[PDB]
Structure formats: C-alpha cells, structure tokens
Amino acid sequence: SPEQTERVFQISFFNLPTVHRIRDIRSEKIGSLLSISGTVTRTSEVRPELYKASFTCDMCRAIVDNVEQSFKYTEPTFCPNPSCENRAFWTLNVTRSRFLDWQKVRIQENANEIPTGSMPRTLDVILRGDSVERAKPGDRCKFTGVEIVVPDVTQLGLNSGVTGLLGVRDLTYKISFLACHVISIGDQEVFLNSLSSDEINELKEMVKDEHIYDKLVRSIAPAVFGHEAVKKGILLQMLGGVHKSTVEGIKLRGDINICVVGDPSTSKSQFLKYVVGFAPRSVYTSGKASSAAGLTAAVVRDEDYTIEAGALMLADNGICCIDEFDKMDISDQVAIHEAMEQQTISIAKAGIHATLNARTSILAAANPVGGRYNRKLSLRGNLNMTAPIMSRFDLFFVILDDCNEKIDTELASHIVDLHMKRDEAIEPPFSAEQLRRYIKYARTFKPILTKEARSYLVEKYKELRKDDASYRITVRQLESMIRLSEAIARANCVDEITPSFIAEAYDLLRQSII
Amino acid sequence: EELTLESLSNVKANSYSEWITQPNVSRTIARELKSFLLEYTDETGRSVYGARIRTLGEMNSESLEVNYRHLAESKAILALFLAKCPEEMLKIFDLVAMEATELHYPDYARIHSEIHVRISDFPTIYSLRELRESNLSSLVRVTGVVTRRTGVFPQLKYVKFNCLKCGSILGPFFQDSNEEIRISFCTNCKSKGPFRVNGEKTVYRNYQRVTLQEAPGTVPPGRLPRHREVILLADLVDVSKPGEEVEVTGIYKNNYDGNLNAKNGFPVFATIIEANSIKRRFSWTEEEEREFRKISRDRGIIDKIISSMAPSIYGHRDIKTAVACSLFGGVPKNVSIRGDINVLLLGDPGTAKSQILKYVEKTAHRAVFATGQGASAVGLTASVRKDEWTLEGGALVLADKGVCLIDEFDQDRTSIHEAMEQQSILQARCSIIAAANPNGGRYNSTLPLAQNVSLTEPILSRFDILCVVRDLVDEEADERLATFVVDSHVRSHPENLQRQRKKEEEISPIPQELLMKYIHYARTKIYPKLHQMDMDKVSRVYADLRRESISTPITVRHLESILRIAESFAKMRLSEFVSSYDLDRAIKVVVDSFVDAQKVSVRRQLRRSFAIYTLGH
C-alpha cells in the first residue's frame, strides 16, 4: 500500500450560546468565533483550494512540499537547497500538494428578521472540507466560525484603502465569514421509523379513526369558517395521488391541481397561506407582483452563462400556492398549463440548454370578473384562462356570499373570538403537525383501483357526460375523478380505491360543475 | 532488472503512481501487461485481447481497447495499479498493446504511429456531486448528460519551440492540454527565453472537450446538476454530442485558474474529467422482414394494420387507416407525384387524433411532432445562435423520410403549405400527418373542413386523405371508452412483461414496434410498383372523380396521391407490386379526402356518384 500522509484534522463547534444576524456582524467581531443565523442565497461549487502547495525549482530540481497559501496563491520565498538561489520557476505538483475542498455559500439575513422590510445584509460563508455541500441554497441555516476579512487580490498583486505597507497601492478589505460548523435552521415503514414512538401512536390512532376523512377536512383552515368544499379539495391535493404512465408512453399527472374563483373577502388568500405553511417544499407568492417566466425558471450569467433555480422549483414535490391569480397574467396562466400536465420545464436561451422536472401541485385564488362571482355566468370564462387548462384542472371551486343571518352572525362571532383569543378560538379536529404526518403516511400509501371502483368510475364518467348534455366534462374530468379517488382513499386510509371514494370524487367534481 | 508481480503487489512506494514510476516495476508492469493481454481467456480459449487485436487489424484502428473488468479478471494487481494511477499504467499498456497488435499483424506500427489502450466497461461510476477533490488525479466513470460538446479542433500533441536568444531548437514537449506547455526555459540555454512554436518536431492530434453534467434525475429534484467537463482523447473526439447522456471513464483532474481564485476569494483549481474512453448511453431487421412477410396477408392486412394503428385511440378507425397509409408511404416520383402520403385528422377534443399522431411519431423512422401554437414557421425552418455563429436544423428538416407530424392546423400552416407547394418546408422530405381541432373548438358538422381548419384547397388536394370526426354521446360508446380507459389505467398502474401483455390486452393486433419496423421494411426492402391495368382503371376513375368534383374538388395531385396510397397499401401487404385492390383502396382514400373536404356540403352526392368509383374492384 502507498505511504499514508498525515490526515487533515477538522474541529467543528456547535450550539454556540449566541447567534447574530448578518446585520449584527461588525468589523470588530472579525477574528472571533461567532454563530450567524441567515438563509443561504447561493452556494459555490466544491473546489480544491490549495491548502498545501508543493513546488519544484527548475534550476536545481529542488522541491518544496505542502507550502501554506495565503488568500492569494503563493510560492516558496527561497529555494530549499542552500546552494541554489532560486526564488522563481516554482512548478506545482498536484499529488505532492494537498488541496482541501472549497465552497463559498452566500447568505443573507431573514426577510422576516429585517424590521423595516429593508434589504437583508448579505454575508459570504466559506464552506470547506465536510462543510462543502453541507447546506442548500434557499434554505435557512446557522453557521458557526470565525469572521474573516478578504483583502483585494489585485492590490496584493497575486473607498479608503490601507497603504504604505502593497507599498504605494491601497488595499480595500472585504468582510467575509468562515463557518467551522454548518447547521440548517430552515415507504410507510420508513416514515414510521422516522416518526417518534409517540408520533407513530398518534398517527396510528388518527388512521384508525373511521371519520379520519371528515376530521381532516374539518381540520383544514381552522381559522376559516365555511368553505368546506375548498378544505376538502385542499386536503385531497395535499394527500395527492398515485402517478401512472401508459404503455404507449403517455404519462398522467399524479399531483392534484386546483383553481379557485370567488368574490373578495372570502379568505381564499388565507387558505393559500395556510396551505403554503402546511405543505413541505412549497412557495407562496402574489400573482400581480411577479414575473411569469421568472416563476417557472431563471437564467443568469455566473463568473459564463448559467441557470438559476426558478420559483416553481421551490414548490417542487409539494403544493404551489398562487394568490391574485386573476390579477396574474393570462400568459402566465397559459404557461402554467403548458408546464402542468407535461411538466418538464426547459431552458433554451443564452446558448445553454437546461431541464427542470417541474413536479408540483398548483393552488390558486382569484377574483371573478366583475369583482364578485356571478352564478348566471358560466363556470368557464368567469376567470379568463385557457380551456385545456380548465379541463386539466381537477376542480373549479365557486365561492358565493351567503346572506343568511345565521351564517353572518356565525362568521362575525368566529372573527370576533379569533381577534379576542388568538389561536384559542380555532378548534381543528387535528393538529397541523399530526395532519402533516398523516399526509406523509398517505403519500407513502399508493391507492389501487378496484374492479368495482372501475365500474363505478365508468358510471360516474357517464353521469358527467350526461351533465354535459359539453366543454365542462371530458376525459380530463375522468382523470381528475381517478386522482380524487386516490386522494380520498389516502384520506380514509383505505389501501385501495373504493366505489364510495369514486362517488365522493364525482360529488366534488359536480360541486365544481355547480 | 524487473520485479516479480508478487513483489509489485505491495506498493512499496509513497504512492502507487510512484510504484509504477519506479523503472524496475515499470518494466515488470509492461511485461505483466503483455502477459495479461495474453492471459485473459475467452470461452473459446483465445485471448480476449488477442481477438481485440485481430479486430483492430481488420478495423485499422489506431487505438487498442482493453476492458477494465478484463484487467481485474487477469492481472488484477495491474488493474488496481491502474485504478490508482491510470496514466502510469496506461502508458506501458499502450506500448504493450502496440507490441501485441504488431506481433499479430506485421507493419501495424507502420499503419498506426502510436497505439493507445482504451478502457472498457469500467466498474465504478461516480456522480459529479459525488465527485470530489479526492477523486481528482484518478480514473473514474461519470454518467451524465453533456451540457455542451465543443467541436473537434486541431491541437498539438507535441510542440517543438525556438529560443530567440538561443538557437531555434527545443524538445518536442508533449501537450497534456491541462495547461499550456509553459516550459518557461530555453532548451539551448539554461535560462528563460522566448519560445516561438517550432513545427520541426511538433506532433498534431485532434482534440475535443464535451462538458459533462448530471442528469436532472441524477441531481436531486429541484436542484441544478453539477457539471464537470469531460475531455475526449485523440481518436476519441466527436464520440459524443451536446445534450447527450453518456458514461465516460476518465481521470478527474484539477487545474489552477486565477479568475476562479478571484471569484472564489481563495486559491482554487478548476476541475475537468479527461476521458481515457467514452461509453455513450428503428431500422427493420432481416428476421423482422421475414416475420413481417409471414404476418402480412394478401387481403385484410390493411385491416390488421388499421387495428394496430392508434392503439391508444378508441374508435376513429378511418383515421387509423388514413394514418397507416401515410406511414406506409409511397415511392417518390420526379420529372408530379410525391412519394410522401399526407394524412389529415379533424375532430372535437377527446377524439385522440393527437394520440394517433403520437403513435405515428413512434411509427415513423425520424418523426417530428409539432403544433400550430407550438412551432413557428421560421422556428421550425431553422434556429440560429452564436457558436462565432452557428445554425441549428429545423424540426421539419430533422424529420426526414419518416412521416412528419403537424397539429392545430397559422405560421405552422405556412410551413406546411409552403412545403406542399414548394416540396420544400429546405425540403420537408417527410409525410405530413395532421391532428387539428376544428376552429379551436368542438367539431361542428355544418362547417366545411376548409372553414374548420384554415388551409389551402391545393393542400387538401395534396393530402392523400382527409378525416373529419364529429363529437357525439352514445351510451354504448361511453361504456366502451370507460372500459378501455379503466383497463388502460389498470394496465399503467404498478399493481398490474407478462403483466405488460395482460396490460396491453391485445388492443392492437400487430405490436407497435413490429408494425413500425414492418412499415419501414415495406418502404425500403419492398418498393411498391404500380400495376398497369389497375392504373388504367384508376385513370378512368380519376377523370370520373374530376367530373364528379365539378358536379359537386379532385386534382391530378389527388390522382398522384392515389398512386402513392396504392404504394402504401402494397407496403401494408408488403408486396413489391401494387395490388389492384391496393389501387382501389387508394382511390377510396382519395375519395374520402374529397368527401371530407366540404363534408356536409358535398359528401352525400360524392358518395352516391363514387359508389362505383371509390373501389375499382
């Protein structure tokens, strides 16, 4: 075996008593160990930083080894051989030199941490060795280590600046951070093992409950009063459905996608906020203040053209909440329809071709034309959007204000009790974390269609066609029925699809038909 | 001296590369490499490397190929030494491979100046994210889709130099391409001097580098893949193309870059894999031709092919027959007749005409699918981008000799129509199959096809067949569609290859791959020949069809399409000579196209007048 060099030793320190924001850092704090809380906006690729360098003198063949390097690349000051006076002609050897892994992870303060909403202060966090690829861009993380100052390499020779050392040249200092430790602050059996024993017991009890479906539907949006159909649709979407692809190659979408249209002051945006909070790997945004192409994908030049992660990727493998969908561009809606059933977002600009899986569930909230839902107006065209997209959408919820005095008094009392008692007013059947665990278990489950379930789906599709007797119902409606049946089987914890589940799916589709 | 292989098994050095570098161990390694090429034994007993040498002689290849697994099977010590120091093992291996190939074939060195061993079937593959600085300077396999492929360019394998102050002579320094030769010294005098390139001893080799990047599945979902460049060795150039998945066995290596250090804020070296070898990830067979002739029938083969066509689609059997005729195609004619057979499908949403077009995309040898909203005329013509400037071929140009696809029939319609009049989209060189919704909505019987889809009357005449479908709700039809769809969902579902057979449920009598290969065989191995008597009857029928079009049009282009569709029916029967029934069914297809045009307006009168004309037999 080859002779073994001395192993590099890394020392990581965690659970520091205090954590400071990027804005909290100061030039006086440099040179001391510190823990910083923030979100990693970007992470540099892992690189072999020249931690130790080995040079060979061309004049006398004398060789140096493992020379320490400053911020700039360095060479031996004098030839190791006393006879040779060489100070140049140093040729590096990759094998004799030792390189540590290198990765710079840009970070920024939390936007919520900023009091006035101002731009968060950004800090450069250096990840090396095991710290490289120990965090992900866009994920909040706490970094512990010594704050550092980066001199100008051009001033070194490789605003105010120090001079007279550099010599005549001024030297400007760039603050940075080196993180000794990195911590991220942001099958059914495998999920059960990941769950603690108490969590497994609670999930088992909830799954054993026969009213689990209705209980979850009620638990959706505890603060919101009414909109039980929207709650059931949200629960079905979060549960999801099994993906399937035909032998001919056509691939159906397993994720449920819905679009909600209703009058203002119906808390559709509140439902979107609750869904975004509940769904892992989810991103919420307002449609009016957004860029259509930027949401789907991003492209930028990196120090050469590169590809930046899009907003839709933040929602990948999870629900995507869309607020002010009517205010958003119909071009963006058509783009979503283009990347809804086929998914597979791709880039062809800047000369670089990139691919994106774009696998996510879509939820939307919108104000119908005229500022309020019109029952006389058809379900299609109340919110201007592509007809194939409307067909591919699993459901189209309708929200209408109820003039009933009892409902008005109930909503008023619920809002007043909320304002008085904070979270105590809400009484969801299940806790948010328990419902999330149930959703994960149901996602681990893959419902299977029964033969009686298939016959029931046939009958329900025939009934939907009779209701068309055209544009409202289609084979896409049948696909939505299958997806909702899978979601209902997941919610009821039944292993296989049932005719009753298909009946519930048809009932939800008929409610969308209105 | 030469050490024993058992003595070489222990590295006995600071590194395994140093062990290989030690001259006695290097001579022993060369002897062991020749002995290993001789020692690897095939099931026949001939050396696998010896058979590779015979194949290299027959191919006149400049580079020998040696499987890494074969080196593990025999001289596993040499294999491990290569895993540690692939270049150190591979230089001696290349010398040994040249010696073996020359021993097999005299003057093989005169044929090839240098024979280089190439790895094959490398054992372990590492992802780019899994690849690290420790992986650098050692051979590794990488599976990923190339981000881009640079074109092959001339490069100096070695470069002699001239010192301006000294004599105009220097050693032919080999160029590893990891960095500039950068001798930083004069050969004639031991001091720094200008080094103008000298061609007296310069060696020249083709060079190409294709950046390697992880596949989107290889990267975690929602995460952009890491990219590490892959370098093609000389004679390994142009092995891969941009955007192509490949598994490359290459030594990862890091090279210092000042700009990289400036961007990182710390000294750093750019990492690029250098492939010692590359292993990158529809024609009818002859046995397939025999089986296709056996399965084909003199009569009813068109019915079997129509049942096989559009297996995903339910109903639309006429559309299936038209698409089958277009896919079978016809022999080209040059002096009016076009070899390609054009098909058009129109129907309300849910007609699955687009599904039939997708099946046709599989059926055609090099099909390209496009839609009117999805593809512009100029965009489908070509794409232009900076390379320097370079051009990209259009989609219609990409689909050649295999039936092309069109949808949403208006820039794409201009590309189609300019193609139909021009015979050029750049020639489309492909049959046209249309799956267009009528007026962007559910089909209405009152609208003639020209109104339902904007097009040219000459385009309708040029189409070998035109199809129109009207939406309707029937109880039996709903039951059939529901049974087929539920069966398709169960088939696609994981719970339900024998399971794949029960999943297919014999929806198509002819398997789709076998039918596409049979259409290709009936287009290439079989060349349909129009029958003269059937053609005389068809010419009388074409005169009658023009007269009937005047009565209630029909064109010589439609008659030529009848000849081409007769060739297509002969292909469906795999007959070198077009049958009279083939010509009759082709006249029926052209008559169906004429009836489909202005359907509600003229279809009843056309059917009454053409009951005798549609089929000669």
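Heads up, chain A uses Swiss-Prot numbers, so what you see runs 255-412, 434-440, 443-463, 500-616, 620-785, 792-836.
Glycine is no exception: its Cβ is also placed from the backbone N, Cα and C atoms.
Feature annotation (Swiss-Prot): of A:444-447, A:707-710, A:775-778, the stretch labelled motif 'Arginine finger' is A:707-710. Record check of A:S324, A:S372, A:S558, A:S582 in Swiss-Prot: the feature phosphoserine is attached to A:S372. In Swiss-Prot, the feature phosphothreonine is assigned, of A:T328, A:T622, A:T766, to A:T766; the remaining candidates carry no such note in the record. Excluding the listed site residues A:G575, A:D576, A:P577, A:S578, A:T579, A:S580, A:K581, A:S582, the same chain places A:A681, A:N683, A:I715 with Cβ atoms within 8 Å of the centre of the ATP site Cβ atoms. All protein chains shown were included, and the count of other CB atoms within 10 Å of the CB of A:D576 (ATP binding site) stands at 17. Cβ neighbour count for A:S372 (phosphoserine) (all protein chains, 10 Å cutoff from its Cβ): 10. In the three-state DSSP classification, A:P577 (ATP binding site) falls within coil.
A:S372 (phosphoserine) is 33 Å away from A:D576 (ATP binding site) when you measure Cα to Cα. On a Cα basis, A:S582 (ATP binding site) lies 24 Å away from A:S372 (phosphoserine). Taken residue by residue, the motif 'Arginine finger' (A:707-710) breaks down under DSSP into 2 helix, 0 strand, 2 coil. Most buried of the binding-site residues A:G575, A:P577, judged by other Cβ atoms within 10 Å, is A:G575. Annotated pair A:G575 (ATP binding site) and A:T766 (phosphothreonine), C-alpha to C-alpha distance, rounded: 36 Å.
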